[PDB]
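Peer 1: Take a look at the following structure, please.
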């Protein structure tokens, strides 16, 4: 027949601060069941610890996330369906926090673009920029562990709040503590 | 080095009524990278008409979307000094190809907070695929014929509007006209 690849998502989201709650949702449609979540590359042990009741409903809750929970996940149901697109679960708070700046400034004209700079006091091969949806960048040419991002066009009609993270690619799903919140003043 | 897989999204979204504009974004680290957008299973000619000015900024606009625009896209950046993995896929859907299905509450649009309700998507003509969208979407199956059943998890006050669609699995990104909006009422 036609078993549509299910939809996988995290609530409240996929980038969650260590110690905090989150619930992985897999839902193909109807009231139920044969949902099967698994982490890519290394079996995730908490999944096996989810009450069949929640699994038929496609709810895989994590009361208190830990670095061990991080990873790329996919789920399916069942004949079976294709695996859902990957959901990368991220935990933050593992390394010192970088600093986020807007060059030249947070104040920018409507429809314009601004360069956001993420600087780390300790070297890293990976940086992330999220808007309270993240962007992933490698370091930038001239900087001692700094990634620079380009955001725009900005518009007043929208909220432009950012935070950036530094991480080691050896474990791409464990990010540093978030940077202070950076608010863009569109004009 | 380390080449972080780019983030690929669409503005204003991945479900666009036929005739409307839509801009697919593929972004990464710097101000300009050699981004490359491509569709799966069938090459997308429209991507080649994109000026290099936009491409370097990772922008790939579609002024007026058509059936031929629907599809599974991914992108990456660099050159064979280093190209990144392809971004997570983005399924670009185009709606309004078929007669709209009817969407109903099973037993009713007014439910107790924390409760679950069954949504039914019915079509006057056979379709092997259905989709339910919260004004994201989860796709379902019938299932000998014509209807789809979706179960929406713990309903909470902290807004619930839905529209459903019908489609052919042999053309999974071309959806029908949307059913009327269905507002759920929490008590």
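All residue numbers given for chain B refer to Swiss-Prot; the residues shown span 24-103, 105-159, 166-172, 175-190, 192-220 in order.
From the backbone N, Cα and C atoms, a Cβ is placed for every residue, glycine too.
Dumping what Swiss-Prot says about this protein:
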DISULFID  B:49-B:98  disulfide bond
DISULFID  B:145-B:197  disulfide bond
DISULFID  B:157-B:167  disulfide bond
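I'm curious about the neighbourhood of these features; can you describe it?
Peer 2: Annotation for residue B:98 (disulfide bond): spatial neighbours B:29, B:31, B:49, B:58, B:59, B:60, B:61, B:81, B:110, B:111, criterion Cβ-Cβ under 8 Å with sequence separation of six or more.
For residue B:197 (disulfide bond), the same-chain residues that are 6 or more apart in sequence and have a Cβ closer than 8 Å to its Cβ are B:125, B:127, B:143, B:145, B:154, B:155, B:156, B:157, B:180, B:182, B:211, B:212, B:215. Residue B:197 (disulfide bond) falls within a strand segment according to DSSP.
Around the Cβ of residue B:157 (disulfide bond), the number of neighbouring Cβ atoms within 10 Å comes to 20.
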Peer 1: Between residue B:159 and residue B:166 there are 6 residues with no coordinates. Please give the Cα separation in whole Å.
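Peer 2: Here the endpoints' Cα atoms lie 7 Å from each other.
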Peer 1: How long is the Cα to Cα distance in Å for the two residues, residue B:172 and residue B:175, that sit at each end of the 2 unmodelled positions?
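Peer 2: Across the gap, the Cα atoms of residue B:172 and residue B:175 sit 4 Å apart.
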Peer 1: Cβ under 8 Å from chain A: which of the disulfide-bonded residues B:98, B:145, B:197 qualify?
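Peer 2: Of B:98, B:145, B:197, none lie near chain A.
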Peer 1: To which of the disulfide-bonded residues B:49, B:145, B:167 does the lowest count of other Cβ atoms within 10 Å belong?
Peer 2: B:167
